[PDB]
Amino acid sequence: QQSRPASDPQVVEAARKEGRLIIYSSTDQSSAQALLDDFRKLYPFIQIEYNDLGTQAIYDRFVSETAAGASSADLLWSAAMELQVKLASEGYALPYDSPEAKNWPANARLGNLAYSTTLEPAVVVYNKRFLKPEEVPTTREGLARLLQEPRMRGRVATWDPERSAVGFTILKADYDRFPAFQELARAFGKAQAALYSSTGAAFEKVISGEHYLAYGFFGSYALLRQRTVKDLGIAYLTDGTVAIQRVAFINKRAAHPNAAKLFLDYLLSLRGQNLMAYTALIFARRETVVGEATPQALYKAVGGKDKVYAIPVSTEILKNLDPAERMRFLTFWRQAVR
């Protein structure tokens, strides 16, 4: 007793003829594997080429291949929201109204061009051998107070927003939405915060104890690592949570557009959103999913849906690519943290 995605039978038959699907994705293949296996159970006639790539790498390969008239991906799935919206904003995406997106929220799609697949909170993580939960504040002001402690000097990690597309988006959204972020950033400076472009490199120092606490990394990644890392703790912010959305679109110039429609539909479905939340611990976008990596669990943890600010799948976020907008944030950031 399972659902299938509500893909049009004619799209299924055109996909059967294509026989192939090429994905460029920022989602770790180990994370996506159960999704890929389940999709191939539904559609065994589709061979998948899954290209696990960094966000900038995805954008550069896609626009370079397109520019040269080389064949490129059928489907782009990336946590770099502004780069994905920029490509859809510029006519790279195939217009497609997914039958699985009828109730997709407004801040979760750019018309019939690009869709959110996830709703992923920026959280606090910590090493349980060095900080007890009672020592870990759940507000920006609390964290700024913790980072005044001499013993927290050198013991904090966060993003380097100058070397991560995704770290920029999260910390810029924080800076734009929460006044208390400015007091927290100065505290990063006091505490000699180390800045990472890799969530993995940041978590390695937290796990080893070189840092005790990390700010601004994805709840999805933290829950996944908890499956095997028993010392990693998660604290959800109760004064306001920024959430990012992994955006998918179909290449207008896809060789296999109908296979890509099936895969998009699959990702937005009840079936695909549940499997993603259950297997990958990637926080779902779909509001009805049940489990820890879901909007309902997240709203409960932060004290309500009104405490979550979803970065929207909208051309408004292209202001983050304007140097004038970047500079006000980055000037404050460089000063506060060094």
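Numbers for residues come from their place in the sequence shown, where the first is 1.
Looking at 321-329 and 12-20 together, the entry lists the larger mean B-factor for 321-329, computed on C-alpha atoms. Per-stretch averaging of Cα B factors for 44-52 and 301-309 places 301-309 on top.
Across the options 109, 246, 86, 145, the residue with the most elevated CA B-factor in the record is 145. When the C-alpha B-factors of 95, 257, 150, 200 are read from the PDB record, the largest value belongs to 150.
Placement of the Cα temperature factor of residue 212 within the chain: middle third of the modelled residues, per the deposited record. In the deposited entry, the Cα temperature factor of residue 120 places it in the lowest third of its chain's modelled residues. For residue 219, the recorded CA B-factor ranks within the lowest third of the chain. Only modelled residues enter the ranking. Residue-level temperature factors show residue 78 in the lowest third of its chain, judged at the C-alpha atom. Ranked by C-alpha B-factor against the other modelled residues of its chain, residue 252 falls in the lowest third.
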